[PDB]
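A quick write-up on the structure given underneath.
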Amino acid sequence: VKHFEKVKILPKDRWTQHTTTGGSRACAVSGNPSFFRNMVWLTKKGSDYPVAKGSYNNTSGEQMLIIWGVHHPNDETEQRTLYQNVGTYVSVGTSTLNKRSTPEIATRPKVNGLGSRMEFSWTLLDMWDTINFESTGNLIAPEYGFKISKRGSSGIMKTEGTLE
Amino acid sequence: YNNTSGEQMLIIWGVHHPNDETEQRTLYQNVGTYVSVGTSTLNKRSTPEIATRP
Amino acid sequence: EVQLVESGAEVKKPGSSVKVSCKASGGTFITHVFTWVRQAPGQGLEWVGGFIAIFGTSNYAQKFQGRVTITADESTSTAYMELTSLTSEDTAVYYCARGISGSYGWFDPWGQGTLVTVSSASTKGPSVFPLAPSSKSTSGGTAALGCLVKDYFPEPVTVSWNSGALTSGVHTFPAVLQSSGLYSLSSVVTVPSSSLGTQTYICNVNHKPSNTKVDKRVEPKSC
Amino acid sequence: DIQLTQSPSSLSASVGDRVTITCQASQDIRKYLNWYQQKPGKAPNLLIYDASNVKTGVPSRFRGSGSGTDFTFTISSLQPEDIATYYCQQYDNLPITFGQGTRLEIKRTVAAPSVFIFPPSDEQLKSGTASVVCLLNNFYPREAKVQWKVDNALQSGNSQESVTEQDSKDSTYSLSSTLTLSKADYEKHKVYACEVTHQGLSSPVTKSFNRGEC
Ligand SMILES: *[C@@H]1O[C@H](CO)[C@@H](O[C@@H]2O[C@H](CO)[C@@H](O[C@@H]3O[C@H](CO)[C@@H](O)[C@H](O)[C@@H]3O)[C@H](O)[C@H]2NC(C)=O)[C@H](O)[C@H]1NC(C)=O
């Protein structure tokens, strides 16, 4: 892939029933808690976390790279105060795809203060195919897909220096 | 277990899949168990399977 | 049962700043969201902002931007609201209440509030003068006497009549803030006129923050 | 910002009546709407969350209804410990707003102000100010006008007024209008009168006194 063209496929403001405004000190911005910019951390809005549902027909004219995530809490109380229910799921589905993650609340070593983890997965969505997210807990939804704008022989060099 | 040993260490564990519910109760009292093993890199959680086997 | 213990009342001079507290007690820390609703004397409810334990993020109302700053302490399960460049408009009661989720749920329970009083004024206690009942013996009819608890700071005073033994027919009004920057308030009783020569009417007025306790006996007229 | 517009602004009702209050929103806020009660002197108190849900321990007579932009709060039979102001509040959006509040009073048959007038005490007059007091005792409804005339000279900025909370027993109000003069100006003048316009009052009642006569 020689060039990506970012597309807003599942805009953050659509999530009218959940809290789209997460964050942590681990993703800090100016000392203030932030998060990944292309990701949305759907949490509960006042007690409830109803079924989160998302969809996108790939009408952008090329294959599209899409990333999503599930959140693995530390204790049960994290789980309840973030998603209300225990025992949730995070289904993603296309035509080549049918993944249904279910979350693993379990204590762990503090990386960046956090004994909790986000597990991220990914797919290519073919032209005119349709991606569906449905969850009742722990989804970290995408906001964007990347469209493959330029294809060609490229590479990734593992250098630790800079360009002249 | 912290690795205070002076080298990388191969660690093997197990999870026991019982033949019936009674086994599982006379062995571990409760059902709906887990075994969860964690490191920096690793994070597993297996829920054991009760089933009658060959 | 999660309880809320909020800091004591403050009187601050203008242009200074206040920082009030909320210790949340009876539940685990990160399930907490702290919110502050202020309320001016006589007006109603106004959101200041709040803090979400689980993400450590704070939210302000844009009305207050620059002045308000919210923080917390997990050791203490104690959150903090700090208002700066205080003006006399900032005088209000400041309730802390626990809400739910990152969207600030409903607010339960509410604390009892922290009276912040912004005034370049000056903490004296009340002068008590008698509202003496009258030369009209309307007799067969009824008469009104009182006390005028004038010129004190700050709130609040408490008035009772005859050591809590005259409770009936008394009327103790809201205070008023006056030109002076100081408060005042009157308390009155209507009382059968055929008791004007028998009954000893004294009012008992108590201003804590000046620890003034005055019992003033009110006698009628004479002329 | 989302405007929560609560009507009516006040509501006199008899006991046992059903009261309904409304809260309308500048936007669709789904059922993201709660309802508070603030009795006089106390903190607010949650009564209803997510438009329809009643907090445990709130009595049955409180019900909450409403779904999109119009919301309704109903006490089925008013009970004398219900008179309070009530607020609504929204989440959904975020600068978190309240309504301005709806004031519950009790309806009773109208009443007359036992009007009394109090010349300043001699010890206050030792000090340099003189405060003269007019009392309107135990009257309903609470709307009353009180004007100060010293030497038939209508007054201005020196009245300061205060009203009591509605009486638990006879559902009636008391007011206190207090005139403040310099001592000089108090001993300059003779006739101080306090003039009340009410509603159980056919003609405006005027109570008065002349300095140094009884
Ligand atoms: C995802 O969005 C795409 C683009 O709008 C949809 O593709 C289009 O689907 C319609 C419905 O079948 C197709 O219309 C049909 O066209 C054929 C012949 O061209 C005609 O004989 C039929 O009468 C009908 O009108 C259309 O061809 C097709 N376009 C493309 C790019 O192939 C697709 O339906 C969407 N997926 C869903 C269900 O959201």
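In the structure tokens, each chain is lettered A, B, ... as it comes, each chain's residues begin at 1, and ligands are numbered from 1 in order of appearance.
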
Dump the neighbourhood of ligand 1 as JSON, numbers by chain: all residues within 10 Å, distances computed on only C-alpha atoms and all ligand atoms. {"A": [55, 56, 57, 58, 59, 60, 61, 127, 128, 129, 130, 131]}

Which residues in range 25-99 of chain D does DSSP call strand (DSSP E or B)? List them as a ChimeraX atom specification. /D:25,33-38,45-49,53-54,62-66,70-75,85-90,98

Residues of chain D near chain A: apply a cut-off of 9 Å, count only C-alpha atoms, and supply the list as a count of residues only. 5

Please list as an MDAnalysis selection string every residue within 10 Å of range 35-43 of chain B, counting only C-alpha atoms and excluding residues in the same chain fewer than 2 positions away. (chainID A and resid 104 106:111 117) or (chainID B and resid 13:16 33 45:48)

Preceding selection exported with N, CA and C atoms as a PDB file, in the first residue's frame:
ATOM      1  N   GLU A 104     -12.584 -10.561  29.083  1.00  0.00           N
ATOM      2  CA  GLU A 104     -11.977 -11.262  30.217  1.00  0.00           C
ATOM      3  C   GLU A 104     -11.506 -10.364  31.368  1.00  0.00           C
ATOM      4  N   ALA A 106      -9.937  -9.669  34.441  1.00  0.00           N
ATOM      5  CA  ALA A 106      -8.957 -10.355  35.283  1.00  0.00           C
ATOM      6  C   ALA A 106      -7.762  -9.463  35.634  1.00  0.00           C
ATOM      7  N   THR A 107      -7.363  -9.458  36.906  1.00  0.00           N
ATOM      8  CA  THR A 107      -6.228  -8.645  37.364  1.00  0.00           C
ATOM      9  C   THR A 107      -4.914  -8.989  36.610  1.00  0.00           C
ATOM     10  N   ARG A 108      -3.983  -8.029  36.504  1.00  0.00           N
ATOM     11  CA  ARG A 108      -2.773  -8.101  35.649  1.00  0.00           C
ATOM     12  C   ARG A 108      -1.644  -7.141  36.084  1.00  0.00           C
ATOM     13  N   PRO A 109      -0.451  -7.267  35.490  1.00  0.00           N
ATOM     14  CA  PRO A 109       0.648  -6.315  35.724  1.00  0.00           C
ATOM     15  C   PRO A 109       0.423  -4.882  35.228  1.00  0.00           C
ATOM     16  N   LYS A 110       0.693  -3.881  36.059  1.00  0.00           N
ATOM     17  CA  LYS A 110       0.485  -2.495  35.647  1.00  0.00           C
ATOM     18  C   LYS A 110       1.409  -2.096  34.485  1.00  0.00           C
ATOM     19  N   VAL A 111       0.876  -2.078  33.275  1.00  0.00           N
ATOM     20  CA  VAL A 111       1.503  -1.292  32.215  1.00  0.00           C
ATOM     21  C   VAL A 111       0.812   0.066  32.193  1.00  0.00           C
ATOM     22  N   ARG A 117      -6.689  -4.065  29.734  1.00  0.00           N
ATOM     23  CA  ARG A 117      -6.142  -4.054  28.391  1.00  0.00           C
ATOM     24  C   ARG A 117      -7.165  -3.865  27.336  1.00  0.00           C
TER      25      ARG A 117
ATOM     26  N   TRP B  13       2.047 -24.880  32.580  1.00  0.00           N
ATOM     27  CA  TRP B  13       0.907 -25.264  33.415  1.00  0.00           C
ATOM     28  C   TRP B  13      -0.169 -26.144  32.774  1.00  0.00           C
ATOM     29  N   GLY B  14      -1.237 -26.403  33.520  1.00  0.00           N
ATOM     30  CA  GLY B  14      -2.311 -27.258  33.062  1.00  0.00           C
ATOM     31  C   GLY B  14      -3.699 -26.819  33.482  1.00  0.00           C
ATOM     32  N   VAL B  15      -4.697 -27.296  32.741  1.00  0.00           N
ATOM     33  CA  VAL B  15      -6.092 -27.218  33.172  1.00  0.00           C
ATOM     34  C   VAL B  15      -6.822 -28.563  32.976  1.00  0.00           C
ATOM     35  N   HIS B  16      -7.530 -28.994  34.026  1.00  0.00           N
ATOM     36  CA  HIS B  16      -8.106 -30.332  34.104  1.00  0.00           C
ATOM     37  C   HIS B  16      -9.541 -30.340  33.595  1.00  0.00           C
ATOM     38  N   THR B  33     -15.905 -22.720  36.687  1.00  0.00           N
ATOM     39  CA  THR B  33     -14.595 -22.307  37.150  1.00  0.00           C
ATOM     40  C   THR B  33     -13.788 -21.623  36.038  1.00  0.00           C
ATOM     41  N   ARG B  45      -7.337 -17.074  29.769  1.00  0.00           N
ATOM     42  CA  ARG B  45      -8.371 -17.451  30.725  1.00  0.00           C
ATOM     43  C   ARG B  45      -9.126 -18.601  30.098  1.00  0.00           C
ATOM     44  N   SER B  46      -8.855 -19.812  30.551  1.00  0.00           N
ATOM     45  CA  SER B  46      -9.611 -20.958  30.061  1.00  0.00           C
ATOM     46  C   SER B  46     -10.752 -21.355  31.008  1.00  0.00           C
ATOM     47  N   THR B  47     -11.942 -21.528  30.464  1.00  0.00           N
ATOM     48  CA  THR B  47     -12.991 -22.130  31.258  1.00  0.00           C
ATOM     49  C   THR B  47     -12.975 -23.613  30.891  1.00  0.00           C
ATOM     50  N   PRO B  48     -12.840 -24.486  31.898  1.00  0.00           N
ATOM     51  CA  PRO B  48     -12.713 -25.939  31.683  1.00  0.00           C
ATOM     52  C   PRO B  48     -13.962 -26.566  31.041  1.00  0.00           C
TER      53      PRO B  48
END

Can you pull out the residues contacting range 27-41 of chain A? Cut-off 12 Å, using only C-alpha atoms, and skip same-chain residues under 3 positions away; I want them as number ranges by chain. A: 6-15, 18-24, 44, 52, 66-71, 82-83, 112-114, 118, 120, 137-146; C: 52-59, 70-71, 102

Quick one: of B:17, B:22, B:8, B:1, who's nearest to residue 51 in chain B, counting only C-alpha atoms? B:17

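Atom pair CA of residue 2 in chain C / CA of residue 27 in chain C: separated by 5.6 Å.
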
A:162, A:149, A:116, A:43 ranked by distance to chain B, top pick (using only C-alpha atoms): A:116

Please build the interface table for chain C against chain A with a cut-off of 6 Å, listing for each qualifying residue the nearest atom pair and the distance in Å to one decimal; count only C-alpha atoms, order rows by chain and increasing number, and write it as a tab-separated table.
residue	atom	partner	partner_atom	distance
C:31	CA	A:81	CA	5.9
C:55	CA	A:24	CA	5.5
C:100	CA	A:46	CA	5.4
C:101	CA	A:46	CA	5.0
C:103	CA	A:45	CA	5.6
C:105	CA	A:46	CA	4.5

Those residues you just picked out, can you put them in a file as a PDB file, in the first residue's frame with N, CA, C and O atoms?
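The file below, result.pdb, is the result:
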ATOM      1  N   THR C  31     -16.196   3.940  41.331  1.00  0.00           N
ATOM      2  CA  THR C  31     -17.607   4.019  41.027  1.00  0.00           C
ATOM      3  C   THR C  31     -18.119   5.439  41.249  1.00  0.00           C
ATOM      4  O   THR C  31     -19.270   5.736  40.959  1.00  0.00           O
ATOM      5  N   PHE C  55     -12.269   7.711  34.946  1.00  0.00           N
ATOM      6  CA  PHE C  55     -11.341   8.260  33.935  1.00  0.00           C
ATOM      7  C   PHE C  55     -10.427   9.386  34.408  1.00  0.00           C
ATOM      8  O   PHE C  55      -9.592   9.834  33.643  1.00  0.00           O
ATOM      9  N   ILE C 100     -23.952   9.496  38.223  1.00  0.00           N
ATOM     10  CA  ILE C 100     -23.633   8.199  37.621  1.00  0.00           C
ATOM     11  C   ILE C 100     -23.214   8.260  36.174  1.00  0.00           C
ATOM     12  O   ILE C 100     -23.848   8.924  35.358  1.00  0.00           O
ATOM     13  N   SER C 101     -22.134   7.541  35.880  1.00  0.00           N
ATOM     14  CA  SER C 101     -21.584   7.422  34.536  1.00  0.00           C
ATOM     15  C   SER C 101     -20.808   8.657  34.121  1.00  0.00           C
ATOM     16  O   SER C 101     -20.650   9.587  34.903  1.00  0.00           O
ATOM     17  N   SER C 103     -21.588  10.663  32.000  1.00  0.00           N
ATOM     18  CA  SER C 103     -22.517  11.612  31.425  1.00  0.00           C
ATOM     19  C   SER C 103     -23.253  12.271  32.540  1.00  0.00           C
ATOM     20  O   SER C 103     -24.205  13.000  32.300  1.00  0.00           O
ATOM     21  N   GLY C 105     -25.042  11.289  35.957  1.00  0.00           N
ATOM     22  CA  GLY C 105     -26.326  10.666  35.768  1.00  0.00           C
ATOM     23  C   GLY C 105     -27.517  11.482  36.195  1.00  0.00           C
ATOM     24  O   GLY C 105     -27.923  12.464  35.539  1.00  0.00           O
TER      25      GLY C 105
END

Identify, on the basis of only C-alpha atoms, every residue whose closest approach to range 194-206 of chain D does not exceed 10 Å; exclude the query and any residue fewer than 5 positions from it along the same chain; express the result as a ChimeraX atom specification. /D:109-118,132-136,139-150,177-179

Export of the given selection (N, CA and C atoms) as a short mmCIF file (atom, residue, chain, number, x, y, z; two decimals), in the first residue's frame:
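Result file is out17.cif:
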data_model
loop_
_atom_site.label_atom_id
_atom_site.label_comp_id
_atom_site.auth_asym_id
_atom_site.auth_seq_id
_atom_site.Cartn_x
_atom_site.Cartn_y
_atom_site.Cartn_z
N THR D 109 -58.67 29.77 51.47
CA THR D 109 -59.50 30.94 51.30
C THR D 109 -58.68 32.13 51.70
N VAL D 110 -58.84 33.25 50.99
CA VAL D 110 -58.04 34.46 51.20
C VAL D 110 -58.20 35.10 52.57
N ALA D 111 -57.16 35.83 53.01
CA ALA D 111 -57.09 36.35 54.39
C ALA D 111 -56.61 37.82 54.52
N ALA D 112 -56.78 38.39 55.69
CA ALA D 112 -56.39 39.76 55.87
C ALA D 112 -55.13 39.86 56.72
N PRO D 113 -54.24 40.77 56.34
CA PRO D 113 -53.02 41.13 57.07
C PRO D 113 -53.33 41.83 58.41
N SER D 114 -53.18 41.15 59.55
CA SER D 114 -53.14 41.87 60.82
C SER D 114 -51.95 42.80 60.64
N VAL D 115 -52.21 44.08 60.40
CA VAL D 115 -51.14 45.04 60.20
C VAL D 115 -50.70 45.80 61.47
N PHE D 116 -49.40 45.71 61.77
CA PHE D 116 -48.81 46.35 62.94
C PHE D 116 -47.65 47.23 62.46
N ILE D 117 -47.33 48.26 63.25
CA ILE D 117 -46.30 49.25 62.90
C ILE D 117 -45.37 49.50 64.12
N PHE D 118 -44.05 49.52 63.91
CA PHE D 118 -43.15 49.60 65.07
C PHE D 118 -42.14 50.76 64.96
N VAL D 132 -37.64 51.54 61.12
CA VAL D 132 -39.05 51.42 61.44
C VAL D 132 -39.75 50.26 60.69
N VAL D 133 -40.56 49.49 61.40
CA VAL D 133 -40.98 48.18 60.93
C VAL D 133 -42.48 48.12 60.71
N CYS D 134 -42.88 47.50 59.60
CA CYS D 134 -44.28 47.20 59.35
C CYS D 134 -44.44 45.72 59.22
N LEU D 135 -45.43 45.17 59.93
CA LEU D 135 -45.64 43.73 59.94
C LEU D 135 -46.97 43.45 59.34
N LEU D 136 -46.99 42.56 58.36
CA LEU D 136 -48.25 42.03 57.86
C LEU D 136 -48.29 40.60 58.34
N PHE D 139 -51.57 36.27 56.42
CA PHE D 139 -52.43 36.68 55.32
C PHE D 139 -52.24 35.79 54.09
N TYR D 140 -53.28 35.64 53.27
CA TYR D 140 -53.17 34.85 52.05
C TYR D 140 -53.97 35.51 50.94
N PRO D 141 -53.49 35.45 49.67
CA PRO D 141 -52.24 34.94 49.09
C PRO D 141 -51.08 35.89 49.30
N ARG D 142 -49.86 35.49 48.95
CA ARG D 142 -48.68 36.16 49.49
C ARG D 142 -48.33 37.48 48.82
N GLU D 143 -48.97 37.72 47.68
CA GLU D 143 -48.81 38.97 46.95
C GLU D 143 -49.33 40.14 47.80
N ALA D 144 -48.47 41.04 48.24
CA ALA D 144 -48.96 42.19 48.97
C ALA D 144 -48.09 43.37 48.62
N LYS D 145 -48.66 44.58 48.59
CA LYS D 145 -47.87 45.77 48.33
C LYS D 145 -47.78 46.56 49.61
N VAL D 146 -46.59 47.06 49.92
CA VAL D 146 -46.36 47.84 51.14
C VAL D 146 -45.59 49.07 50.77
N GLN D 147 -46.15 50.25 51.03
CA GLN D 147 -45.46 51.51 50.72
C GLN D 147 -45.24 52.40 51.93
N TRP D 148 -44.11 53.10 51.96
CA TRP D 148 -43.79 53.97 53.09
C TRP D 148 -43.97 55.45 52.80
N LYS D 149 -44.78 56.12 53.63
CA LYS D 149 -44.96 57.58 53.57
C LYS D 149 -44.53 58.22 54.91
N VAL D 150 -43.51 59.07 54.88
CA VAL D 150 -43.13 59.89 56.04
C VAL D 150 -43.42 61.37 55.78
N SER D 177 -41.97 44.60 56.08
CA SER D 177 -41.34 45.74 55.41
C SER D 177 -40.64 46.69 56.37
N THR D 178 -39.33 46.86 56.22
CA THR D 178 -38.56 47.63 57.21
C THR D 178 -37.96 48.92 56.66
N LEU D 179 -38.47 50.09 57.06
CA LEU D 179 -37.91 51.40 56.65
C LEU D 179 -36.61 51.80 57.40
#
